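In: give me coordinates for this.
(chains A, B, C, D, E, F, G, H and I)
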Amino acid sequence: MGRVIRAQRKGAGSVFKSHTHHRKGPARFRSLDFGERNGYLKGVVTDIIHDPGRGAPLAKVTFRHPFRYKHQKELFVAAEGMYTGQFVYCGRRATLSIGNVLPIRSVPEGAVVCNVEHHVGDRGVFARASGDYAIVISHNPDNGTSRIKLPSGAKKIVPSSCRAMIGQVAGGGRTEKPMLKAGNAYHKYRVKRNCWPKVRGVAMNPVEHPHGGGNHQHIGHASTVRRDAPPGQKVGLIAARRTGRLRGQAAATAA
RNA sequence: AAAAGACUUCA
RNA sequence: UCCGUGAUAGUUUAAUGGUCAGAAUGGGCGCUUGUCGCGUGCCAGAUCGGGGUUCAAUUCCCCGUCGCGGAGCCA
RNA sequence: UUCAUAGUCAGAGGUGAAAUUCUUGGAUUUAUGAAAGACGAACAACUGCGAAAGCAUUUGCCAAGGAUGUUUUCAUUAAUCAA
RNA sequence: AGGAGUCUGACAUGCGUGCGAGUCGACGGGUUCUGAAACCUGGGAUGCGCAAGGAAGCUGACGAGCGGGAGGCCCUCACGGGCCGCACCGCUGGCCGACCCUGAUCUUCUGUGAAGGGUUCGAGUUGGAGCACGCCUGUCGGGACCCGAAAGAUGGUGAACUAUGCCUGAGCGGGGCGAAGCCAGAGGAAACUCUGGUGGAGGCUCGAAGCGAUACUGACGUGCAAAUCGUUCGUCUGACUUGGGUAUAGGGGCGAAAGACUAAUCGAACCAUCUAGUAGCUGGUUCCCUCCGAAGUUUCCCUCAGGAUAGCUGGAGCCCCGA
RNA sequence: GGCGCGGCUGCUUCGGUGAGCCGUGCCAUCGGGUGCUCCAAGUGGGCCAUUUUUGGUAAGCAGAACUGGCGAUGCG
RNA sequence: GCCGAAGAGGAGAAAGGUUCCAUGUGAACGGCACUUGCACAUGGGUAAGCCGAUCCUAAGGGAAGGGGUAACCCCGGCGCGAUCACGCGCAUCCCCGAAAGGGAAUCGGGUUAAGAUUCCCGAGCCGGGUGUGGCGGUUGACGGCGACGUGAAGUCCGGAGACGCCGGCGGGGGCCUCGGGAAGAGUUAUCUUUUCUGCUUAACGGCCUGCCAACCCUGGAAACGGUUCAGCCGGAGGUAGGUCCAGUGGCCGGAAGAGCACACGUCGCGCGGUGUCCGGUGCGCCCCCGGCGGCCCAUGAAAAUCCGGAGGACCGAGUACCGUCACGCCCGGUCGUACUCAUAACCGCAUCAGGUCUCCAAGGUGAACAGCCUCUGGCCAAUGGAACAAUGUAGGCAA
RNA sequence: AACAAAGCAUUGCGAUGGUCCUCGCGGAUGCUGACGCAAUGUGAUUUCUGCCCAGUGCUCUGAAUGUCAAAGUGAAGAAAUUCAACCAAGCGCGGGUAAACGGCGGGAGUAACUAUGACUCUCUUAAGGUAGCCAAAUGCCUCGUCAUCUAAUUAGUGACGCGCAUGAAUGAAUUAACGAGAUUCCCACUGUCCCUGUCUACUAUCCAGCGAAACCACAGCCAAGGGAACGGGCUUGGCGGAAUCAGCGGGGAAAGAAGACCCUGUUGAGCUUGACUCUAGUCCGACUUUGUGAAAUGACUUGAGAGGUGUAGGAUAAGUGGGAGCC
RNA sequence: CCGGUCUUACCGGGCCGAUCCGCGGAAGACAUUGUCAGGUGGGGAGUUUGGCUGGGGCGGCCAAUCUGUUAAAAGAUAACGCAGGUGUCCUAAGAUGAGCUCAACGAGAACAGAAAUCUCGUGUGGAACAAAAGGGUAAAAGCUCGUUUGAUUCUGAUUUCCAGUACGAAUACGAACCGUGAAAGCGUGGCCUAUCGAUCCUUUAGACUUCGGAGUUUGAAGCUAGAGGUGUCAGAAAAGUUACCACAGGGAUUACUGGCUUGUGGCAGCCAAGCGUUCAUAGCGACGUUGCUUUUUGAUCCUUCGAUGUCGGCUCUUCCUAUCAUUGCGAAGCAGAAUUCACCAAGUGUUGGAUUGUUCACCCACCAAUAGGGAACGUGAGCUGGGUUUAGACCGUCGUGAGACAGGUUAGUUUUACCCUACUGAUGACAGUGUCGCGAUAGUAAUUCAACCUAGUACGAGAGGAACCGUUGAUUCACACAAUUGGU
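Out: Numbers count the residues shown, from 1 in each chain, chains lettered A, B, ... in the order given. Provided below are the atomic coordinates:
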């Protein structure tokens, strides 16, 4: 049989983890007391600070409104075009301006949003990463459902009460340009949850992977491996729909 | 609104 | 050199239950067409070499020539 | 087109002819409703405008340019031009 | 000097001794010496026997010689035969259950049971037995004559070595080359261009501290050293080097993945235990003498480096033909 | 071993025969090289020579047969 | 003669664990001698308010439900006022975790065989904790256009500490250096003299000509002007100029006719001299420090502590209220400190050519490497003797 | 030359993510969000990346038909035991899918000089090797053949060439820079060489002192022969004055290691897989947790009705007691 | 609004002052656990993975069974010994009885050749009997015809199995029961010589037995007998790799050195077809045949697996002769003359380079010629370390894969202080002394070339082109010295 394949090493352990202490703080969207046509939540962006845990920026927002419990703060997710000294509005009668957060119901159809909730008050799930955005296609006055298209193209049915932020996430185009030092890849790995560099399965000797062994390097068996297959076996193309470059489309996806 | 291709050189 | 794996018409290549052998292409003959070709009807194998068993062997054994794959450590 | 809902049967799609495709797990075709994306039919004409490329939903905003008419200014100031 | 047939059980025996169709004694009490033990005794325990068969019902006799050949007698005695007579072996056949067949008398619910035969198996006579301990010898066993491997398993102890991570510090002489783009000078309508020039980017170059470890296939090779020395060679602002504090622990970890690395131990760490593993394999197994004196063949066998069963041997008893 | 007497029996005609059995009498060049029982051993891998072989060019080959020796046998 | 970033200088971390100092020995050690020693024996030495521990918090060791797991084992009111005694307010807890992250305060001279920034002598300061008076002030401060300089419960907001890499200007430091040239030392087969040491003093109470950066100060009013090493800056008002703030291990000057030797000259004391010398060069951008530009698919710790903004209920009469000066005092209650730190004190079985961390990158010529040096300083490794063949190992040169 | 790498592709993932550790809590995912995370293939640039879905892998839809477990459910039935009906995922039935595993052959005849073959055939098993490269770090034959270079070159380089057995992300070709990587040539130079010398140093040697191990059944001459066929010693021959110093290591099958090779042993161990058997994990159906009801559509009591398909018989003799009369 | 107070006042307490009333979301009889069922399931774990055998593989059956030969044996008898069969096929391809007798050849029949068919004559085992071999048999055991069912049940003495060991098989009976047949008899499977499967379980057969108060149904348990898998045939449920390896052993067994052999290899003799114009023997020489060597290859398995260090090379000593050169020779198809073949002969020589790890061999210029063969393929307590031959890696080929190849490639370690012995070299007693000597005996030193004299002679048509001494010098080796030249 074998010594454990790296995929089990994910598992638990100090080596597989991110530097979670290092991450900058929780960036959850403030669950509104109530009302909010301008300023029972008014923010000023004061600063824009990088998030190591995702590599795109946050905007530092204060947020100052009262009560007790009152709760306010802090570093909310940046959208494109957010600047120091711009106003942020968070809630139901917030102005429809980029950087403001409000429930989907309040948003006009055809407006790009980010930090969209799965479930109301979870504060925001979908459209997060750099330069991505969901697109709110349908509402109507929809008591029942607000239809949003996520960046993959899947059309998601969400409760109209789910809040989102208008605009697309900052940092777009990050993906376009090539890393162009091994060392650039290296530090970028250090920050995230990953064991790098990666040795190819074929490169190893048999004990380390299903791919390993053989004088010349090659996968002894067919690469694409079972949904049924157990952990340790399941490597390569897991249960692949198709392979090789030709004749597909993006995901389509029914409701 | 057309199934269907060729066809040696110099005179 | 050892263990595995085949061969059937000019060529590529199906097939059986022991009594029965095919296809496609290529080719041989007509018709298309002014003439070739595209197309259209017609035709034609000692099942590798070899011996044995049987009522009857293309089919069941054994050998061999060739073409294949796969092994051949610790020097 | 997709989604949902209504109803419903043996086709549909497509062409030269067909097949691929789609198809009983109820399609397509049919009605209404939603969201998204694209484009502006009808209008659009031997037609108008920008220096040219080009530019066509109506509608609102900033701001340009060519007509004219004035006889105001420079009173012939100007023209074309490789780089 | 130490260093190998031990220990006792079972099952089978040899040799011996007491009673002998039963024998056989714990445990208690009774009692001395002695922690002992002994003796009397109830007599546990109910073996092996005393007769057997078989799934189970349930059933269940002991008479005979024949031959060889022990020995007595009769005789008659130089010889000698006749008879019985039993050892013991060979040979014969009936019986008692089981199987199968015929079954009387008859009982008359029901079936028992004379006579007789076949058949194999076991049993019974002239082939009548044991028990008990001791002392032997074997077999199997328990570590099983003794030593001798790699192992597998459980639970602990290791990241002071080393791998990777994290935290937080520290280190990199000096020199070379010259990316951003802007000045002047100069051109063009613009676009932007030429030449001088500045500034300095870099898993950049030559190289110090520091890291690494290519070559002599040198020196050493019971060393300075359980991987060292000299000289050579590579890197040296980076995916770099490194101090400390520190994660991740055994088919698990860690690996830029070599089966590399986890305290001199890694294709599965170390410790202790299971454990006196287990070895058809190698080695060894310690006093004298006597009588006789090998096999290296045959069938079976996951069988051919062994078992098994005869074959080859030898002892111990019993008896009196054979080329 | 052979004979006679007497009983019983068999297989194969209500048919012919011996054989078997029992009972009873009669008459007849070697020389212990040897039987039976219990329990135990190494084995349960050989060799060679001679003779006869079969394979193999052969072989200090391989593999049998028949025997004597070595193994386990001194001494000359 | 050798050692030179330490093939052998100084200070230390870990680790050792008394190895240190002294005296006395010499059986064993030291791979040999030994009078010696890091061997043996006996005595002796380490002294902290101001060094460090200590307090904080960082990967994480986690204490704290519930629950798997028998189980081992593993994941995830308190506080404060308040004096008369009593009531009021809130959100994520609490310890360990760096003797090299962060941090309240000390130097100079002297002295011991052995300690020493540790005791002393002089001087200073801190922290923590009760009294005192000078007065600076009083319906909670004047001055300076301004900037800015010279009370107090309930209650919110917060810096410093506190932070990456590259390049790299500026201040100035101790250096290196030169000369005027003291004071005093070398030395001349044969001189000019030069050459050499040497001229040195705190921490810090007080003064500063106080750089850069910010001055959206004021004031001025540039459409081309100012200005850098470079980028730049400006009419959301440039350059002048009237102002500010504002560093330092940094100028001054005091601490300080406090101070031990440096050297010579002296029995001892003393006395003189040096310590109250002058001036400057060399991007040595070195270490400390303040700025700038550039850079990252990569963004560079936290808390303790120090410390103030507010925004204020209450309280301000010959009564009564605060806060730097000064000052007076007490406390200062814990542990550690020796020595080695390595070709002999660590790890490696050894007095092992191995391995093992920080600072001293400013010692002189030459910065191409390497060498040589010197007032630091340190050393001649536990074997010698006499020849010198071949063999061998290091190694030069060969027509 | 291995690994990494930046760059290039497939695939899984809609969040309580899929995936890893874990009985579990929970954690790691991720205090992230498809421009993200995992799982894998290949490996800068540049030009490119052909054909095959038959087998294997995997995936898709399956409201319909042959196979497809258990339970509940029906039949015989005292049980139970035998049988049925229902049927998931899974075989079947069908498709997609090679930058998935991988594959890319076979033999023929033929031109108006011969030569050669543009031209006509199919089969295994899906296809039948395109661009390139090619005497290859892949070529057996083999030092292939030609050329360069050298005197002379199994080397090296260039060209050819049915390639024993090249070839496209099992990546093909190509290629600047880089390199303690592999091979070759030239100049410079030289003691590597002709061919050895002298010289230094420390050893050596000798002296004083200190003072070891390995190893040791064995006395220890040569040439022959013999012998278990590789004798220091038997046998015959031949030689030898001992002892001691220094050396060259010929021999003692010299010491040093119970051969790593190889064979066996009903030995071990790591690894593999479509041997065997199992065990986690995943998918899927059922049972508890568990409470409701629309009806559509299955079923049971009573009660009141339409009627009851064996030969002949108008039609109603399905089959039982009753049975001479009920209004 | 109330209370307290000093009611031109001050304090406390309650209510109202943007509200009455009555944790959030999602989702819900699912899901998630708990449990069970089917499917996938080297992710993990435990395991196995057939012998023989001229080494194990790899091919093969010679792990069961028959035979002619082997086989010397009455019986028993080996080899991967020769030769070849059986693992089926048969209710007629059995049984019996009556009745017939061949295969085949000649002769005869228009057509028919394959021509049967039909006839006659001769016809002894040559035919016929399913099937190997072999042996057997002529009113049959073979043929023909009818009938029949005994290929029935149960039992077995005994032989084979095997000298005593099982299943199997045979060779007979008896008991029961039939047939045919005239019957006597024959008939206990196949002409004969004999043609296969335990053990649990299951299956059924027949009858009977049995399962713990009585009583009654259901099944179970069982005796005796037959059929269902074991061809690894006297009976396992069952694949590989390891070059990462490990262990116990074996020279019981390989590679490998040695030894035996000597087919192979090398060399020779004999004979002499034949060719060389003619001429066997100047030369060349087949077929055939006998040998010698031990230095290639093969064979064997004696020696070592508690260890024999590998190839190639280098250097260093020694040898053989089957002689390449040199000396002396003989013949010639030897006019000179280059030569060609061969005799005696081992003294001395036998080289330097290019490719390749190479040995070998190819090539180049040399040379007088650049011989071959042994000494453990002489030579690792000398060296070297390129190949071979570990662990890393690539390519090609094969394999599902681990991984493999007498397929290629890059990288990849060389321990020891000499006790004995051997020799080189130095010491060194006894004896009446030192020195000078003798010389038994022991080691070997000179080899070869070029050129000149002879001679442009001999010999020769010519072309070309010799000898002996006499002279000079140099290659190679040895000893030695150092004036010179050269090094230091």
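In: can you count the residues close to the residue nearest to residue A:191 when sequence neighbours are not counted?
Out: Nearest non-adjacent residue to residue A:191, counting by Cβ to Cβ, 6 or more residues apart in numbering: residue A:52, 4.7 Å away. Every C-beta, even on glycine, is put in place using the N, C-alpha and C of the backbone. Residue neighbour count, defined by other Cβ atoms under 10 Å, stands at 14 for residue A:52.
In: same check on residue A:245?
Out: Counted with other Cβ under 10 Å, residues neighbouring residue A:245 total 6.
In: span of stretch A:198-211 from start to end?
Out: The straight-line separation of the ends of stretch A:198-211 (Cα to Cα, to the nearest Å) is 14 Å.
In: related to what we said a few turns ago, these two touch, right, the residue nearest to residue A:191 and residue A:25?
Out: No: the pair residue A:52 / residue A:25 is not scored as a contact, 11.3 Å apart, by Cβ atoms under 8 Å.
In: how near is the nearest residue to residue A:80 once chain neighbours are set aside to residue A:179?
Out: Excluding the flanking residues, the one nearest residue A:80 by Cβ to Cβ, 6+ apart is residue A:170, at 5.0 Å. Separation of residue A:170 from residue A:179 (Cβ to Cβ, to the nearest Å): 20 Å.
In: can you count the residues close to the residue of the stretch 101-250 of chain A found nearest RNA strand E?
Out: The stretch 101-250 of chain A approaches RNA strand E most closely through residue A:183 (2.1 Å), counting by Cβ to the nearest atom of the strand. Counted with other Cβ under 10 Å, residues neighbouring residue A:183 total 9.
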